[PDB]
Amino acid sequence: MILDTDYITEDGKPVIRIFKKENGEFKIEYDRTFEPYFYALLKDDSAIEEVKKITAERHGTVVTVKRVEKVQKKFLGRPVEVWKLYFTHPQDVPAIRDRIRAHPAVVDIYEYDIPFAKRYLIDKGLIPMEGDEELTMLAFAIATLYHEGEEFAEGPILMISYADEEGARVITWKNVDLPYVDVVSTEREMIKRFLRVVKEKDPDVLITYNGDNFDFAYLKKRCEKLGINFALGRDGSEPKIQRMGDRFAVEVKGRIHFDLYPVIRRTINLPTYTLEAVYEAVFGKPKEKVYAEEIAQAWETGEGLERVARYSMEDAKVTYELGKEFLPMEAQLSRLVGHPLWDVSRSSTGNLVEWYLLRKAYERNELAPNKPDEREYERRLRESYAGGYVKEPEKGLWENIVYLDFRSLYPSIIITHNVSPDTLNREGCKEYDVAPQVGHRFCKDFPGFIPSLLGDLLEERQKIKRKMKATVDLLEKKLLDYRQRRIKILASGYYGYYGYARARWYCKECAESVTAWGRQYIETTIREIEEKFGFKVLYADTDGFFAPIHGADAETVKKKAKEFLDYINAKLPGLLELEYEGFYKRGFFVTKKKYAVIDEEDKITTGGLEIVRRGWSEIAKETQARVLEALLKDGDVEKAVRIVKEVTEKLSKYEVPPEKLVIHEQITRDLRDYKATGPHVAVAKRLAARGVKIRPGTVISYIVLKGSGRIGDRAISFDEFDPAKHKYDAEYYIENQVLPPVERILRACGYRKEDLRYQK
């Protein structure tokens, strides 16, 4: 099983290293024969001799063209003749490529910015994560001592915990009486002991939660101060910090650092993504969170450290359990895309599409298009196109509603109508499909590049869905549900890739053709279910819609819905399929992209509501959730009105605990780059003036106090809140937090928003 690939430079020459795990043994295979290259298109072949003489320089090394070779390939399906230029070192390509393109006889260059290790995996047809090999795993987490106004890693690490199949243990340099706690003398001995544990265990995978941005960077800075060689790699190397665009990632040579945070972020939809919320969402059991303030107080006073050690232990144990379930899912995606697990687990949907396209293009001798230059990139940003059809929702609290949607609308359209840049307006074709409204033609004589690959993706999702319904184990049912959803967003990401300004296979014509077909098919289905089956579509968004039959039983609606699915699916062509996704006894639709429904099991599912959004206090989210229950479950508008009255009265009389009034908002940039100052920016700017380090990603937890001025003038960081000297703004939390979310709900159901709050 190929784990990963990289390259090292040995005497000025690159050596490909293939990290593998075969027969329970970790092995490194060395390849010194692979040569870097890129392509160049010439006006006349006679100029290849002058192109060969082009040189460049790279930190003291003269770069020359090692060897050239003319090859016949295809560009967007059309035959093309290009020159393959070979070089000694992969870093020769960045140094010389601009000078080669600048030659007047060179029309353009291609495939000049593909990493050397990834190029090796593609050109050798090597697929990582293939086979039934078992990878050894070890999760770990750290607990630190923090104070406001300090620099990163200024305080020491207090505990290092780790967990595998043998259990979880904690290393610390203070005496904590717990059987899973090993006590050393100093922070240095604690770090060195953890380094020994990893070396003796020798795990293939190191599991963390947000280790890319916290745990590894913290251990690194501490090791520099204490003068510790943090040799976590199997080659003895230290963890290397890389920069994937605007985010940081940490690799450990010889192993795979599996950071669960970017995996869970894309796999599960949650309001917050703390480790505690993630563990409960997957396993159903709660996990206690111990904050940095309690950790600092327990360590410094010396009292209550057993609770900190248990929290640190649970961190490693929970991270291992989560890593056990999600590694096989991400391992399959690595097999599907053909990219290492380390990159796949953190890669964006766009790069996951492009890397698979790059591999398939090589297999088909298709020359890859380039990433756009600066002019073309900004040109693509300035152009857009129409998207999905969103109907203005009908007002009211409705009963006996079915939800019908397409199985995979955009991928189904791409395959059915052969939407591909190599098929767009292709001359001399014997059959083509014309997109409505936008009029783009797409050849149907041969399978397009992208349509020929989307079919296998949709097949993999249907196999996962088949095992999903058959599985009875509730856990395994949930992971497979997560897994097939990841395939859906990947296949759906092929459409968005057509409109991604940085995409190699950029095709705005392909993108708007997909959405135009999507708008036509959803509007056709809405028209047919209303005119032929007497339904009334209440709300529709892109690929699905909600609709009941006015004054019909639950059974009458279910039977007529299945009757319509038979009629409409016989009419719909190709791979397009409308599905029966659910029946809901009650439901209402506030605005576009905002709704709430309840099934026959009293399970409430919502979309775009304030309960799942950041920036609303808990007293507002909890009140909306209770109003949701009174309307959907009990059909009791008066009860929902009484709930809001009881809440606003408790707020006016200062009987609500201030912890439920905390608003959380994230700082997204450098504080100097904010053009407007809101409540969370004003609190951040005030904290930064006191020495607090505010960075992009810092979550501001503030509470609005009773006072004067704007809301930002009255807001203060909640850690500075003292209930003995501060009085929270009861009028603000009534009028601005609690009322608006429920006011819009009661208006949308057909009821006045008047007299919802308590008044004297």
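All residue numbers refer to positions in the sequence shown, first residue = 1.
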property	result
Given 53 to 61 and 720 to 728, the range whose Cα B-factors average higher in the PDB entry	720 to 728
Selected stretch [higher average CA B-factor]: 671 to 679 or 588 to 596	671 to 679
Largest Cα B-factor, entry values, listed residues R255, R359, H417, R426	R426
Per the PDB entry, maximal CA B factor within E509, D422, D235, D204	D235
CA B-factor ranking of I745, expressed as a third of its chain	lowest
Chain-relative CA temperature factor third for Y30	highest
Third of chain Cα B-factors occupied by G544	lowest
Position of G709 among the chain's modelled residues by C-alpha B-factor, lowest, middle or highest third	middle
Ranked C-alpha temperature factor of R382 among modelled chain residues, by third	highest
